[PDB]
Every structure is written in C-alpha cells, then in structure tokens.
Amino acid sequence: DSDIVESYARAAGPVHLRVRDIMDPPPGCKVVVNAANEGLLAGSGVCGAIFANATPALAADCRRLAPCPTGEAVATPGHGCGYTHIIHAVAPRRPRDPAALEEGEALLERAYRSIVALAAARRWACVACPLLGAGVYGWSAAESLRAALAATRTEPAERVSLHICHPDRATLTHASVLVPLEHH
C-alpha cells in the first residue's frame, strides 16, 4: 500500500487513491470498473486497456447489454482481462458551458453511485476504479475525485471500497490538494 496517496472515510466504504495502472489489480480487488460509453464499445484509454486484455466474448456481452445510459452501470464477466468481472459505468461528457455543467456534475456523481449500488448487490467488497470521465470525456482528475467522494456519501446496502487507480503520481497528489482547496 505504498502506492496510496490518501484514504478517505466515506459511508460506502474507504476510498483509496492509488498510483498504479488500472490493469494491475490492487490486492483483494477481483472486480474492475470500465470508464465506458453508452454503446459499450471498445475505446481508447481505460476502456481500450480492458478490451485489449479480454476475449471477444466481452464485446458479445456488451452487444447484448447496450445501451448503458449515462449515469448508469452494468456488469459483465471479465473474460481474462485480469479481473473476474467488469463494471461498465458511463460518465457524462463534461458540459462545455453551463447550466448543463451542474447537470453533468450530478450525472458524474450518479455514475459512481451506480457502481457502488451494483457492487453492493453482487456483494463485491472492493472494486478497482479509474477516474471516470477524466480522459477523453473532458473532466479533470479533481472533478472526478470530488464526484467519487460525494457519491460515496450515499450509504449502500453493503460496504464497497473504491480503489481509485491512476498511474501518474503527480495527477493524484495534485487532485488530492484541489479537493480540499475547493472547500477552503
């Protein structure tokens, strides 16, 4: 646990900020989150890395399940990507000029809430998760972390610990300063 920048206490469960590749499972995380699109298609970034390491049956399962509405999440088997299951969660694209912005912050928080409720229903205690929406969907790491730390305030039926993984130390340490700074 030397990769942990900070650990936050939240109703859902502890949220750990971890310097590591999403494809390098944290100890005890058998379930990973895909930062997915509504069509559940392979993309770049985290989605690319998960599909890159999986069988064709994953695309087949997604064909059966698509679309996953923005703000929602849906599970599939992992198909050899290194995890037993994948939670495909769909972040909104960041609205470029409000008021859609405040609407989109709620939808980003909802995506994280949807991950937690899903994991709780499957009795998955730990989940490895990227910073939803912080890649091509335009959010910053701090915006995505702030959303995760808000979403986890909603108490779930069973505790779920989010291990948030990003391979760049500076991105996470920076985000860990900006989150409290907003409230300062």
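Position 1 is the first residue in the sequence shown; the rest follow in order.
The PDB entry records a higher mean C-alpha B factor for 60 to 68 than for its counterpart among 60 to 68 and 126 to 134. Of the two stretches examined, 5 to 13 and 170 to 178, the record assigns the greater average C-alpha temperature factor to 170 to 178.
Among 140, 37, 53, 34, the highest C-alpha B-factor recorded in the PDB entry belongs to 53. Residue 85 sits in the middle third of its chain by CA B factor, as recorded in the PDB entry.
When the CA B factors of the chain's modelled residues are split into thirds, the value for residue 49 lands in the highest one. Ranked against the other modelled residues of its chain, the C-alpha B-factor of residue 100 as given in the entry falls in the highest third. Per the PDB record, residue ranking by Cα B-factor puts residue 106 in the highest third of the chain.
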